[PDB]
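So the structure is just underneath, and the comments pick up after that.
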Ligand SMILES: O=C1CCN(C2C[C@H](O)[C@@H](CO)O2)C(=O)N1
Ligand SMILES: O=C1CCN(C2C[C@H](O)[C@@H](CO)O2)C(=O)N1
Ligand SMILES: O=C1CCN(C2C[C@H](O)[C@@H](CO)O2)C(=O)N1
Ligand SMILES: O=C1CCN(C2C[C@H](O)[C@@H](CO)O2)C(=O)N1
Ligand SMILES: [Zn+2]
Ligand SMILES: [Zn+2]
Ligand SMILES: [Zn+2]
Ligand SMILES: [Zn+2]
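See below:
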């Protein structure tokens with residue numbers, strides 16, 4: 001499961017999105033250390049605050065199944081450049097993924113940006129800050 | 001899969017919760033029309049706003065897999081009476097579940113309250129309100 | 001400050017809304033026991049999850065100023081019937097307003113529905129449930 | 001109103017926080033181009049997802065009043081180093097503040113980190129990505 005293949009997983013996951021308000025579909029594929037893939041997509045709500053993102057859908061799915069060791073996360077959307085995870089997703093990612101996990105961002109036209117969890121949100125607010 | 005059995009599913013799902021800040025674990029089990037069960041649990045974050053609930057974890061998991069027809073949702077937590085879904089969950093439920101879906105609420109001591117999606121959030125804000 | 005006058009306050013507050021994504025403006029006016037009025041409006045974000053509602057904007061404003069005793073909350077939007085607070089707002093309302101506070105819901109055509117905080121979200125999840 | 005004075009404003013705003021669940025109070029002070037200061041503080045909810053942060057409380061307050069031109073934002077909390085805005089706040093900040101606005105982060109022991117909005121969340125997801 002290289003990043004190329006993980007991207008195709010996120011592209012497929014994108015087609016499952018429920019986004020009738022923004023008409024903006026997002027897909028994500030999370031790869032565990034054991035090689036298992038969890039797909040995620042954004043799921044909207046008439047009350048915008050309750051919309052959930054593809055990145056978080058995939059992570060929530062994994063953690064709920066007991067999988068908490070990851071190696072890579074691919075995210076895709078029909079944006080101008082590689083899709084940029086929103087702050088809420090970066091925050092959840094910084095909590096649920098170890099700082100070494102690779103984050104692969106792409107769009108639907110071959111644009112690819114790769115960065116680590118730490119780079120996605122440097123100095124992220126964490127539990128250590130609470131105590 | 002009766003409500004008794006769906007409750008045991010939610011009780012198991014509760015043990016998967018990642019809740020190091022509140023130490024309050026919640027479990028949920030969503031039953032589709034075809035009899036498939038999706039488990040969900042709350043997943044917290046040092047930045048409280050980003051915490052996700054068991055009800056929504058289960059629903060997000062189902063919808064992302066392509067399952068959008070449900071019949072029942074069980075929710076469980078160690079509360080005094082049947083656990084009460086927070087407003088955000090009721091909002092997502094009212095969007096992703098048809099008004100006839102049965103919502104079963106319970107705690108860890110046999111308290112059981114049953115209600116429909118419509119009753120969970122009567123006159124819920126919806127897409128019809130946007131247009 | 002009767003409900004009629006508080007409604008006009010919410011109608012004015014609605015014109016301050018920043019809602020370029022939904023084009024759906026909402027207004028709210030919160031009346032304290034001492035007769036002070038706090039206006040609120042929805043404020044959106046390209047990343048939908050981060051949108052904030054009029055009801056919560058008004059409440060957040062009041063609480064931050066040290067005002068925590070309220071008597072009435074008016075909410076208005078261009079909906080078919082009285083605007084329905086989303087679950088997230090009902091949740092925050094049930095926490096920050098005592099159960100006796102009156103919630104006045106209306107649209108832009110004279111539709112008016114009045115209910116108490118308790119009625120807005122009966123048996124709302126609360127701190128008592130955490131401990 | 002230099003950053004030193006804006007910090008004292010955020011320190012005062014911190015004392016208004018309603019944070020009975022985390023016992024972690026945060027303060028913020030937003031300075032407009034015209035020299036007006038809006039204070040903000042975190043406001044929690046038994047249902048963690050609904051908690052709101054100091055940064056966003058201040059911004060929501062300003063925007064609702066019609067003030068949309070800012071020059072600086074100070075944030076303070078009792079953290080080990082300068083308090084780090086959570087992803088949700090950085091997201092709202094990148095939307096409501098122009099990329100040149102100065103963000104001043106500090107704790108209660110003189111630690112000070114200064115950065116621009118762009119630096120707070122480089123390449124933030126924006127409306128341009130939606131269309
Ligand atoms: O973090 C990224 C950016 C945001 N989108 C979302 C949620 C929402 O349904 C839509 C518009 O913001 O894209 C994602 O799904 N992931
Ligand atoms: O809707 C219900 C009530 C809220 N809890 C949550 C999320 C959070 O991690 C914890 C404390 O609010 O319980 C749920 O998981 N489901
Ligand atoms: O609770 C009510 C219903 C929801 N809207 C919002 C937030 C968002 O900007 C827009 C579309 O959901 O209306 C409110 O402002 N208040
Ligand atoms: O962005 C910063 C970091 C997070 N906190 C919050 C919200 C919550 O009440 C508490 C614990 O996460 O700190 C803030 O208020 N601002
Ligand atoms: Zn996101
Ligand atoms: Zn919930
Ligand atoms: Zn709302
Ligand atoms: Zn924050």
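Protein chains in written order, with the deposited numbering: chain A, 1 to 131; chain A', 1 to 131; chain B, 1 to 131; chain B', 1 to 131. A prime marks a further copy of an entry chain. The beta carbon of each residue, even a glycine, is placed where N, CA and C say it ideally should be.
Rounded to the nearest angstrom, how far is the Cβ of residue i from that of residue j, given a contact under 8 Å?
i	j	result
residue 26 of chain B	residue 42 of chain B	4 Å
residue 82 of chain B'	residue 106 of chain B'	5 Å
residue 3 of chain A	residue 104 of chain A	5 Å
residue 76 of chain B'	residue 38 of chain B'	Not confirmed; about 15 Å, so no contact.
residue 10 of chain A'	residue 28 of chain A'	5 Å
residue 89 of chain B	residue 53 of chain B	5 Å
residue 55 of chain B	residue 93 of chain B	6 Å
residue 40 of chain B	residue 19 of chain B	No, residue 40 of chain B and residue 19 of chain B are not in contact; Cβ-Cβ is about 13 Å, not under 8 Å.
residue 22 of chain B	residue 48 of chain A	7 Å
residue 60 of chain B'	residue 57 of chain B	5 Å
residue 97 of chain B'	residue 73 of chain B'	7 Å
residue 91 of chain B	residue 123 of chain A'	Incorrect: roughly 16 Å between the Cβ atoms, too far for contact.
residue 30 of chain A'	residue 1 of chain A'	In fact, because the Cβ distance is near 11 Å, the residues do not count as touching under 8 Å.
residue 125 of chain A	residue 130 of chain B'	Actually they are not in contact, since the Cβ atoms of residue 125 of chain A and residue 130 of chain B' sit about 26 Å apart, beyond 8 Å.
Is residue i a contact residue of ligand 1, with contact defined as CB to any heavy atom under 7 Å?
i	result
residue 85 of chain A	yes
residue 29 of chain B'	no
Answer with buried or exposed for residue i, where buried requires no fewer than 16 other C-beta atoms within 10 angstroms of its C-beta.
i	result
residue 109 of chain A'	exposed
residue 5 of chain A'	exposed
residue 8 of chain A	exposed
residue 133 of chain B	Because chain B here runs from 1 to 131, residue 133 of chain B falls outside it and cannot be looked at.
residue 128 of chain A'	exposed
residue 115 of chain A	exposed
residue 35 of chain A	exposed
residue 95 of chain A	buried
residue 66 of chain A	exposed
Return yes when the C-beta of residue i is under 7 Å from any heavy atom of ligand 4, and no when it is not.
i	result
residue 44 of chain B'	yes
residue 22 of chain B'	yes
residue 125 of chain A	yes
residue 26 of chain B'	yes
May I ask whether a heavy atom of ligand 2 can be found less than 7 Å away from the beta carbon of residue i?
i	result
residue 55 of chain A'	yes
Is residue i near ligand 5, judged by its Cβ being under 7 Å from some heavy atom?
i	result
residue 51 of chain A'	no
residue 41 of chain A	no
residue 19 of chain A	no
Is residue i near ligand 6 - that is, is its Cβ less than 7 Å away from at least one heavy atom of it?
i	result
residue 77 of chain A'	no
residue 88 of chain A'	yes
Does the distance between the C-beta of residue i and the nearest non-hydrogen atom of ligand 3 fall short of 7 Å?
i	result
residue 47 of chain A	yes
(message) Suppose only complete runs of 4+ residues qualify. What are the alpha helix (DSSP H) ranges in the stretch 40 to 95 of chain A, listed by chain order?
(response) Whole alpha helix (DSSP H) segments, 4+ residues: 54 to 64.
(request) Jot down the residue ranges of each uninterrupted alpha helix (DSSP H) in the stretch 1 to 26 of chain B', minimum 4 residues, whole runs only, in chain order. (result) The stretch 1 to 26 of chain B' contains these whole alpha helix (DSSP H) runs: 3 to 14.
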